[PDB]
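Take a look at the structure below.
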Amino acid sequence: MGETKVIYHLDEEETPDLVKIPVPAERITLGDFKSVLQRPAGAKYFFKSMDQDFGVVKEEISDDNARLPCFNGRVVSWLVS
Amino acid sequence: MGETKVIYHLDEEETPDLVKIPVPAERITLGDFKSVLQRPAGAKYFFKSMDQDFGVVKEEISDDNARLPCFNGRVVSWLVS
Amino acid sequence: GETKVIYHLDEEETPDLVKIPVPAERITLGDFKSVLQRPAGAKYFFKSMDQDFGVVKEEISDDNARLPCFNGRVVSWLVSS
């Protein structure tokens, strides 16, 4: 029980939408995010993430089972159509 | 089989995208990377490379057959135009 | 023959490595400039050895001047305006 704030940009848009998804941050998946958008497949989804060796990246994630990178209840995403 | 993480910057952008390509790091080529992106009107590709005498450098690579410099399953690239 | 020129642009931490198809025995500042298509009014410094002092970054502005090489390599720092 809990919610996650997903902040997402659609293509070249300057200002993202913020949506609250009623899945707690500890377990929110790409599948959870997709259910809320229902985007024509096949958008590609990138998320603000940390790479062990490199530092901050926009990580592409296409596996519905994959957990999304969160910080303080928040996910930050970029969509490409 | 195996995968490589390719971290790449597009022109003057601060934060790179990270994409996983399902070719193992021992054998990933420029051609492999290009097939996932699809090149502009001749983008130039630079990769974090190691010079035997100097240390870390950005090497331009334009040969599709050329293997990309990896460290720990990762390639780091900069793209121009 | 060819020379590997490793060069930094202003305060950039990682240099580009470019291969110039002039052998190291005769590569000049003019040769290097013709490949950059001189950003223009830039000053060029090269890792060099001074007889009395030791290692320095020697400014060179004469196109005819031969560049300091070690093992097929030149290391340069560029300053623009």
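Quick one: net charge around C:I6, please, counting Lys, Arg +1 and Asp, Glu -1 for every other residue with C-beta under 14 Å from its C-beta.
-1
State, to one decimal in nm, how far the label point of A:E14 lies from the label point of A:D53, with both points 7 Å from Cα in the Cβ direction.
Here the modelled spin labels are 3.8 nm apart.
Would you compute, from DSSP H runs of 4+ residues alone, the mean residue ellipticity of chain C at 222 nm, taking -39500 (n - 2.57) per run and dividing by the full residue count, rounded to the nearest 500?
-2500 deg cm²/dmol
Taking a ≥ b ≥ c as the square roots of the eigenvalues of the Cα gyration tensor of chain B, is the shape rounded (a/c under 1.5), prolate (a/b larger than b/c) or oblate?
The shape class here is rounded.
Count the DSSP beta bridges whose two residues both fall in the protein assembly as shown, then state the antiparallel fraction as a percent rounded to the nearest 5.
Around 70 percent of the beta bridges assigned by DSSP in the protein assembly as shown are antiparallel ones.
With Cβ to Cβ distances under 14 Å as the rule, what net charge do the other residues near C:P23 carry (K, R +1; D, E -1)?
It works out to a net charge of +2.
What pairs in A:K58/C:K47; B:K20/B:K44; A:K5/B:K34 have C-alpha atoms more than 31 Å from each other?
A:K58/C:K47; A:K5/B:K34
How about chain A: which trypsin sites (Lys or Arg not before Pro) there lie in a loop by DSSP and see at most 14 other Cβ atoms within 10 Å?
Answer in residue order: A:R27.
Here, each number is a calculation from the coordinates, and none is a lab measurement. Every residue, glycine among them, receives a Cβ derived from its backbone with ideal geometry; neighbour counts consider all protein chains shown.
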